[PDB]
Amino acid sequence: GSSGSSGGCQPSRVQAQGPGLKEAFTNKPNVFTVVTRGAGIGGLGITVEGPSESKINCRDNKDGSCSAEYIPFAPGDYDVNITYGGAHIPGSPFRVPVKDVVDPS
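Throughout the sequence shown, residue numbering follows our numbering, covering 261 to 365 in sequence.
What follows is the structure, given as C-alpha coordinates:
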(Lines of atoms letter the chains of each structure in order from A and count residues from 1; the text may use other names and numbers.)
(Lines give C-alpha, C1' and ligand atoms only; values in the text may rest on other atoms or scores of the structure.)
Protein backbone atom coordinates (compact mmCIF):
# COMPACT_ATOMS: atom_id res chain seq x y z
CA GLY A 1 0.00 0.00 0.00
CA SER A 2 0.91 3.68 0.30
CA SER A 3 4.69 3.67 0.68
CA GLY A 4 6.34 6.97 1.56
CA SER A 5 8.56 6.83 4.63
CA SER A 6 7.93 3.21 5.60
CA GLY A 7 6.85 0.20 3.58
CA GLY A 8 4.84 -1.51 6.29
CA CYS A 9 4.18 -1.58 10.03
CA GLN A 10 5.57 -4.04 12.58
CA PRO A 11 2.98 -5.00 15.22
CA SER A 12 5.47 -7.58 16.49
CA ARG A 13 7.96 -4.98 17.73
CA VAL A 14 5.20 -3.74 20.02
CA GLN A 15 5.22 -4.65 23.71
CA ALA A 16 2.56 -4.43 26.43
CA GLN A 17 3.25 -4.70 30.16
CA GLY A 18 1.92 -3.44 33.48
CA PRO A 19 -0.89 -4.02 36.01
CA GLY A 20 -3.68 -3.45 33.52
CA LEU A 21 -2.43 -6.65 31.90
CA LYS A 22 -1.31 -8.59 34.97
CA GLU A 23 -4.30 -7.91 37.22
CA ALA A 24 -7.20 -5.47 37.56
CA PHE A 25 -10.19 -4.64 39.76
CA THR A 26 -13.79 -3.47 39.45
CA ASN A 27 -14.25 0.29 39.19
CA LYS A 28 -10.48 0.71 39.56
CA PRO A 29 -7.94 2.62 37.43
CA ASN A 30 -5.97 0.05 35.44
CA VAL A 31 -3.15 1.18 33.15
CA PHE A 32 -0.26 -0.44 31.29
CA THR A 33 2.96 0.56 29.52
CA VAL A 34 2.98 0.19 25.74
CA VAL A 35 6.36 0.45 24.01
CA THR A 36 6.03 1.17 20.29
CA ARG A 37 9.60 2.28 19.57
CA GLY A 38 10.22 0.71 16.17
CA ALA A 39 6.89 -0.92 15.36
CA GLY A 40 6.11 1.85 12.89
CA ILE A 41 3.91 4.90 12.35
CA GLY A 42 0.18 4.26 12.20
CA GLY A 43 -2.99 4.25 14.27
CA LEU A 44 -3.18 2.18 17.44
CA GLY A 45 -6.48 0.87 18.77
CA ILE A 46 -6.75 -0.48 22.31
CA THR A 47 -10.09 -1.91 23.44
CA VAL A 48 -11.39 -3.98 26.36
CA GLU A 49 -14.02 -6.72 26.17
CA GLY A 50 -15.75 -8.44 29.07
CA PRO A 51 -18.94 -8.93 31.11
CA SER A 52 -19.21 -5.13 31.18
CA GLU A 53 -18.15 -2.07 29.19
CA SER A 54 -14.99 -0.54 30.65
CA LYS A 55 -14.28 3.19 30.43
CA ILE A 56 -11.08 3.39 28.38
CA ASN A 57 -9.06 6.59 27.95
CA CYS A 58 -6.01 6.99 25.71
CA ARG A 59 -3.07 9.04 26.97
CA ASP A 60 -0.33 10.59 24.84
CA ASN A 61 3.18 10.59 26.31
CA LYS A 62 5.80 13.23 25.48
CA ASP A 63 8.64 10.73 25.85
CA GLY A 64 8.26 7.78 23.50
CA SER A 65 5.44 5.45 24.52
CA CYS A 66 1.67 5.04 24.83
CA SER A 67 -0.53 4.98 27.93
CA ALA A 68 -3.97 3.37 28.10
CA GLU A 69 -6.24 3.42 31.15
CA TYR A 70 -9.44 1.42 31.62
CA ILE A 71 -12.00 0.87 34.38
CA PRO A 72 -14.38 -2.12 34.38
CA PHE A 73 -17.81 -2.19 36.03
CA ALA A 74 -18.10 -5.91 36.76
CA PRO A 75 -15.68 -8.67 37.88
CA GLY A 76 -14.66 -11.39 35.45
CA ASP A 77 -12.22 -12.43 32.74
CA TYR A 78 -11.54 -9.52 30.38
CA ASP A 79 -9.67 -9.52 27.07
CA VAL A 80 -7.57 -6.43 26.36
CA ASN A 81 -7.50 -6.10 22.57
CA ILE A 82 -4.63 -4.17 20.99
CA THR A 83 -3.89 -3.53 17.32
CA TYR A 84 -1.27 -1.36 15.61
CA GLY A 85 -2.55 0.29 12.45
CA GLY A 86 -4.39 -2.80 11.25
CA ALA A 87 -2.77 -5.83 12.85
CA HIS A 88 -2.96 -7.64 16.19
CA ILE A 89 0.13 -7.52 18.41
CA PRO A 90 1.68 -10.77 19.71
CA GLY A 91 0.11 -11.07 23.15
CA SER A 92 -3.46 -9.85 22.72
CA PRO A 93 -6.05 -10.20 23.75
CA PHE A 94 -4.46 -10.00 27.20
CA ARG A 95 -6.54 -11.89 29.75
CA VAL A 96 -6.81 -10.05 33.07
CA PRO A 97 -8.50 -11.35 36.25
CA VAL A 98 -10.88 -8.57 37.26
CA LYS A 99 -11.85 -9.02 40.91
CA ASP A 100 -14.37 -7.09 43.01
CA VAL A 101 -13.10 -4.65 45.63
CA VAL A 102 -15.98 -5.74 47.86
CA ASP A 103 -19.35 -7.48 47.52
CA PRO A 104 -22.59 -5.80 48.66
CA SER A 105 -24.21 -6.98 51.89
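The C-beta atom is built at its ideal place from N, Cα and C for all residues, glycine as well.
So, helix, strand or coil for residue i, using DSSP?
i      : result
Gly280 : helix
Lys322 : coil
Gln270 : coil
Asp337 : strand
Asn317 : strand
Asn287 : coil
Would you mind sorting residue i into buried or exposed? The rule is 16 or more other CB atoms within 10 Å of its CB.
i      : result
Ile306 : buried
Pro350 : exposed
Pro332 : buried
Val294 : buried
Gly264 : exposed
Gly261 : exposed
Output yes or no for whether 8 Å exceeds the beta carbon distance between residue i and residue j.
i      : j      : result
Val361 : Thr286 : yes
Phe292 : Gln277 : yes
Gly336 : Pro353 : no
What distance in whole Å lies between the Cβ atoms of residue j and residue i, which are believed to be in contact at a cut-off of 8 Å?
i      : j      : result
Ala284 : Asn290 : 4 Å
Handout entry: Segment contact, 8 Å Cβ cut-off, at least three pairs: the segment 310-327 with the segment 266-273
Key = No: the two stretches stay apart, fewer than three of their Cβ pairs being nearer than 8 Å.
Practice task
Inspect the CB distances between the segment 341-349 and the segment 319-327 and report whether three or more fall short of 8 Å.
Solution key: They do not touch, by the three-pair rule.
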